[PDB]
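Written below as structure tokens is the structure these notes are about.
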There are 2 protein chains.
Amino acid sequence: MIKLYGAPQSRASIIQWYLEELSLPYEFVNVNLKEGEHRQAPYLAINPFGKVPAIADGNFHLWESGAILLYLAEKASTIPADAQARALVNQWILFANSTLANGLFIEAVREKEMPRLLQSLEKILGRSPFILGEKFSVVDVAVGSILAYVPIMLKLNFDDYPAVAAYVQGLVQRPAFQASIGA
Amino acid sequence: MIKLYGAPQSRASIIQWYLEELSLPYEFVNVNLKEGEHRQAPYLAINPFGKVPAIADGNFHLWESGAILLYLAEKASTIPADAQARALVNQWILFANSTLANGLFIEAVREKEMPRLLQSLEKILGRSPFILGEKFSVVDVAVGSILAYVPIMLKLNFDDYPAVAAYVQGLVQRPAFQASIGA
Ligand SMILES: N[C@@H](CCC(=O)N[C@@H](CS)C(=O)NCC(=O)O)C(=O)O
Ligand SMILES: N[C@@H](CCC(=O)N[C@@H](CS)C(=O)NCC(=O)O)C(=O)O
């Protein structure tokens with residue numbers, strides 16, 4: 001089965017949320033970051049940059065939370081996808097991992113970037129329940145996890161963005177979220 | 001041909017580098033960021049977050065430099081790839097856009113992150129000429145572009161990382177790099 005390498009209150013929880021959504025079994029392997037386990041040869045053979053999360057699926061190893069989400073989404077897919085359908089999913093995962101996370105969590109750029117990001121998301125989320133339309137997808141795990149960390153880590157709220165606020169509330173109340181990030 | 005939306009001294013040059021490596025033509029369209037053209041309705045209809053680069057491939061539009069690189073790499077592949085082969089490339093593109101760029105360019109984390117990132121890259125690059133092995137790939141465009149920007153923006157060098165220094169020197173001398181980032 002999939003082995004997920006993670007640590008307490010790390011991005012491995014985002015992978016656990018998607019595994020809960022997909023109803024897939026997995027082994028959780030704790031990596032003791034406080035004691036430097038991630039900086040030793042055994043973990044560096046899984047991720048040479050010593051970061052969690054990572055997965056092992058047999059002899060295959062993979063790191064970067066965004067690449068793990070895309071991999072799990074592809075493996076679970078029932079209808080074959082083309083380069084354009086994968087590209088739109090990749091776009092949102094890259095956005096969550098760079099443009100969005102940076103604009104919200106980098107103090108030097110937050111005042112300018114955060115309102116613009118949320119204003120753009122408000123327009124999108126006001127027209128459809130999920131980022132890609134009527135159906136929940138891996139994009140909502142990627143983008144939604146970053147947004148859900150705003151109240152948790154910055155003590156900020158989405159009161160000025162009602163569609164964003166309702167979207168994040170809807171994700172937080174999903175049983176799969178409550179069994180992972182929300183636990 | 002692909003339309004590439006870019007701006008002076010921006011990440012659109014990374015896409016232009018890869019298009020030149022693939023010997024593909026493209027129609028370059030400047031977006032005047034200094035005059036707020038990226039915040040006007042025509043550009044917001046391409047990228048709702050008002051960032052360059054973006055591409056149009058016929059009626060298909062795509063934003064996030066990393067997603068564009070993955071899309072062009074998929075489109076230019078002659079041998080069909082499975083989820084694991086795509087995942088390894090996705091891993092490096094996410095790394096370049098998050099872990100690597102943040103660890104090098106965010107002042108508050110640079111002291112701890114930068115030597116760790118460079119030491120890991122030094123070990124990989126000391127064993128093979130390119131990140132994935134013997135052959136140059138889209139991963140070298142993604143990672144190499146970020147590393148090439150280190151001397152320019154931070155006034156730092158790779159004197160203590162000789163394989164990183166020789167790898168970057170090699171990339172900067174490539175004709176496709178000179179026709180794009182080096183132009
Ligand atoms: N872009 C990476 C970031 C991973 C990351 O920063 N992981 C942290 C924990 S949340 C880590 O392993 N830190 C250990 C260290 O930097 O020494 C991803 O999304 O997977
Ligand atoms: N993660 C994005 C970042 C894109 C980005 O930051 N682009 C800048 C280039 S200057 C931009 O368009 N800035 C305009 C703005 O932020 O208003 C990518 O890699 O494409």
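All heavy atoms count here, side chains included; hydrogens, waters and symmetry mates do not. Residue numbering restarts at 1 for every chain, and letters A, B, ... go by the order of the sequence lines.
- Stacking of A:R174 on the aromatic ring of A:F136 is recorded, both the 6.0 Å distance cut-off and the 45° axial limit being met.
- Of the possible donor and acceptor atoms, one in the side chain of A:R86 sits under 3.5 Å from a partner among the backbone N and O of A:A81.
- Taken together through direct or relayed side-chain contacts under 4.5 Å among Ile, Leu, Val, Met, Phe, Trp and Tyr, A:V29 and A:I68 form parts of separate hydrophobic clusters.
- The nearest pair of heavy atoms linking A:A45 to A:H61 is O-ND1, 4.1 Å.
- At distances below 3.5 Å, not a single donor-acceptor pair connects side-chain atoms of A:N47 with backbone N or O atoms of A:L44.
- With values rounded to the nearest 0.5 angstrom, A:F177 atom CZ is found 9.5 Å from A:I14 atom CD1.
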Taking distance alone, no hydrogens or angles, what donor-acceptor pairs closer than 3.5 Å link side-chain atoms of residues 101-111 of chain A to residues at least two apart or in another chain?
| residue | atom | partner | partner atom | Å |
| --- | --- | --- | --- | --- |
| A:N102 | ND2 | A:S98 | O | 3.2 |
| A:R110 | NE | A:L104 | O | 2.8 |

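- A donor-acceptor contact shorter than 3.5 Å is absent between the side chain of A:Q16 and the backbone of A:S180.
- A:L88 CG to A:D82 CG: the interatomic distance, rounded to the nearest 0.5 Å, is 9.0 Å.
- Without hydrogens or angle criteria, A:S10 side chain to A:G6 main chain gives no donor-acceptor distance under 3.5 Å.
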Evaluation steps, side chain to side chain contact (heavy atoms under 4.5 Å, CB included), between A:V141 and A:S145: CA-CA 6 Å; A:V141 170; A:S145 295; 4.2 Å; yes
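- Here the CE atom belonging to B:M1 is positioned 12.0 Å from the CG atom belonging to B:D57, to the nearest 0.5 angstrom.
- Between the side chain of A:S120 and the backbone N or O of B:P48 there is at least one donor-acceptor pair closer than 3.5 Å.
- Salt bridge annotation for B:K51-A:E113: present, with a cationic side-chain nitrogen under 4.0 angstrom from a carboxylate oxygen.
- Rounded to the nearest 0.5 Å, atoms CG (A:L125) and CZ (A:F158) are 10.5 Å apart.
- Note: A:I181 CD1 to A:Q9 CD = 12.5 Å, rounded to the nearest 0.5 Å.
- Proximity of a side-chain donor or acceptor of B:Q91 to a complementary backbone N or O of A:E64 within less than 3.5 Å is not detected.
- With rounding to the nearest 0.5 Å, the separation of CH2 in A:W17 from CG in A:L22 is 12.0 Å.
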From CA spacing to verdict: side-chain hydrogen bond (donor to acceptor under 3.5 Å, both in side chains), A:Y167, A:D140: CA-CA 9 Å; A:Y167 168 76; A:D140 303 294; 2.7 Å; yes
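- Nearest heavy-atom pair, A:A12 versus A:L4, reported as atom, atom and distance to 0.1 Å: O-CD2, 3.8 Å.
- Remark: side-chain polar atoms of B:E134 are not paired, donor with acceptor, to backbone N or O of B:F130 under 3.5 angstrom.
- Counting only heavy atoms from C-beta outward, the side chains of A:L69 and A:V89 never approach each other to under 4.5 Å.
- The two residues A:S65 and A:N97 make their nearest non-hydrogen contact at OG-OD1, 3.6 Å.
- B:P53 and B:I15 get closest at one heavy-atom pair: CG-CG1, 4.0 Å.
- Evaluated for a side-chain contact (heavy atoms from CB on, under 4.5 Å) with A:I55, the options A:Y26, A:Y71, A:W63 yield exactly one hit, A:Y71.
- Proximity of a side-chain donor or acceptor of A:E122 to a complementary backbone N or O of A:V164 within less than 3.5 Å is detected.
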